[PDB]
2 protein chains.
Amino acid sequence: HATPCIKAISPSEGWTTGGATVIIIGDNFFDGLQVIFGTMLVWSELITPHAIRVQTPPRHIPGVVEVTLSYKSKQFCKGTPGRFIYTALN
Amino acid sequence: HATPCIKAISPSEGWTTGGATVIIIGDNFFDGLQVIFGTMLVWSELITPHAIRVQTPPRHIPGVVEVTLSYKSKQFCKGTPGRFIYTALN
Ligand code: EMC
Ligand code: EMC
Ligand code: EMC
Ligand code: EMC
């Protein structure tokens with residue numbers, strides 16, 4: 001299908017303080033594609049039609065989150081969500 | 001420990017004629033790092049310590065290649081190399 005799809009993300013770990021640049025790669029990306037990162041909608045930008053750059057949001061609490069894709073307030077469910085582990089320095 | 005390594009490549013397939021923009025994600029990337037497509041070495045452009053950008057070199061014959069990294073004429077090899085598949089239009 002031509003539905004947006006995440007292959008992998010790097011880095012897949014980051015501090016709770018956030019702000020680190022994450023690259024999401026996969027299939028069928030387009031400008032306007034929204035990225036949802038631990039439930040927060042983040043600013044994003046296509047590097048190519050196969051790569052997206054986002055900054056990690058801050059997160060109150062350490063642990064695994066999902067990275068998913070959405071457009072016009074409607075999420076896509078093709079494939080496997082990106083997985084990102086927040087860690088606390090503290 | 002601090003060694004450049006490939007997690008994934010997007011897209012992982014290209015035409016034998018080369019020139020395609022490819023994003024490679026991983027860890028420990030830096031300025032001046034080079035990429036080997038089977039036997040062909042190309043330059044990269046750093047995006048973050050976790051992603052680089054290359055243009056695929058042409059390959060005379062279609063097929064699967066191992067993708068590895070290099071710096072100062074010295075190839076790295078940590079973990080599982082990347083896989084890129086050349087396809088012919090003909
Ligand atoms: C299911 C391939 Hg991004
Ligand atoms: C978990 C359904 Hg997009
Ligand atoms: C530890 C292989 Hg990027
Ligand atoms: C041939 C695996 Hg460094």
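Whatever order the structure lists ligands and atoms in, that order sets their numbers, starting from 1. Letters A, B, ... mirror the listed sequences (proteins, then strands); counts begin at 1. Note that these values count all heavy atoms, side chains included, but never hydrogens, waters or copies made by symmetry.
- Distance check, rounded to the nearest 0.5 Å: NZ of B:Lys78 to CG of B:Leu69 gives 10.5 Å.
- Here B:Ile52 contributes atom CD1 and B:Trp43 contributes atom CH2; the two are 13.0 Å apart, rounded to the nearest 0.5 Å.
- The CG atom of B:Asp31 sits 10.0 Å away from atom CD of B:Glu45, with the distance rounded to the nearest 0.5 Å.
- Atom CG of A:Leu41 and atom CD of A:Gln34 lie 5.5 Å apart (nearest 0.5 Å).
- Excluding waters, the set of protein N, O or S atoms lying under 3.0 Å from atom 3 (Hg) of ligand 4 comprises B:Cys77 SG.
- In this structure, NE2 in B:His50 is found 5.5 Å from CG in B:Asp27, a value given to the nearest 0.5 Å.
- The backbone N or O of A:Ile23 lies less than 3.5 Å from no partner atom in the side chain of A:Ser10, so there is not a single donor-acceptor pair.
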